[PDB]
């Protein structure tokens, strides 16, 4: 269409600009054949992982689903994880949520959107699991809180997969991370759950939930 044509046009301009600029981008990219980080983010993709981290092209192995989830039985995401860990031997997996997430808003919404609702039912279970902390919070602020709690809960799901547990068990070096960034400042903020073993997973997980449960008198 109009938009598709425009897109091919931008692509051509860019691609050839590189051609002329004798740009070494693609060659650089070719130097970093194997990625070192598995980035699991949201399909909203407000601020690209490349921009947030300014890493060298090819360093990131990416997976994106609605609301950056790691569901216990999702073959898709688990496939990406097992491949990044057992094959590419990646040592850092990073789950990253973001504020003003459509996935979060849709989950909290009472409208029944169809197939996607089922996928969002996992976020709702997370919402109620922390219903007290959240309810004890002002509406306008809950979204950002569920978004932050979501990340901690997903890092916790990743760390419990048979895949990740076996990696640690057999002495492989692997650390899980969980961050969130505000779509307005672009700053990555650690949510607290950071594991390098099942032990650190449990502790950092309890610790993060405990920290998030300590509310200021601003609600």
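Numbering follows the first chain given and starts at 1.
*Asks:* When the Cα temperature factors in the entry are averaged, is it 26 to 34 or 165 to 173 that ends up higher?
*Replies:* Averaged over C-alpha atoms, the B-factors run higher in 26 to 34.
*Asks:* Take the C-alpha B-factors listed in the entry for 63 to 71 and for 183 to 191, compute each mean, and give the stretch with the larger one.
*Replies:* Looking at the recorded C-alpha B-factors, 183 to 191 comes out higher on average.
*Asks:* Comparing recorded Cα B-factors across 97, 114, 135, 103, which one is largest?
*Replies:* That would be 135.
*Asks:* Thinking about Cα B factors across the chain, which third does residue 142 belong to?
*Replies:* It falls in the top third of the chain.
*Asks:* Using the temperature factors of the C-alpha atoms in this entry, rank residue 91 within its chain: lowest, middle or highest third.
*Replies:* Its C-alpha B-factor, which the entry lists for residue 91, ranks in the middle third among residues of this chain.
*Asks:* Which third of the chain does residue 54 land in by C-alpha B-factor: lowest, middle or highest?
*Replies:* Answer is highest: the recorded C-alpha B-factor places it there.
*Asks:* Test of reading the entry: by CA B factor among the chain's modelled residues, which third contains residue 126?
*Replies:* Middle third, going by the recorded CA B-factors of the chain.
*Asks:* Using the B-factor values recorded in the entry, state whether the Cα atom of residue 78 falls in the lowest, middle or highest third among the modelled residues of its chain.
*Replies:* CA B-factor rank for residue 78: lowest third.
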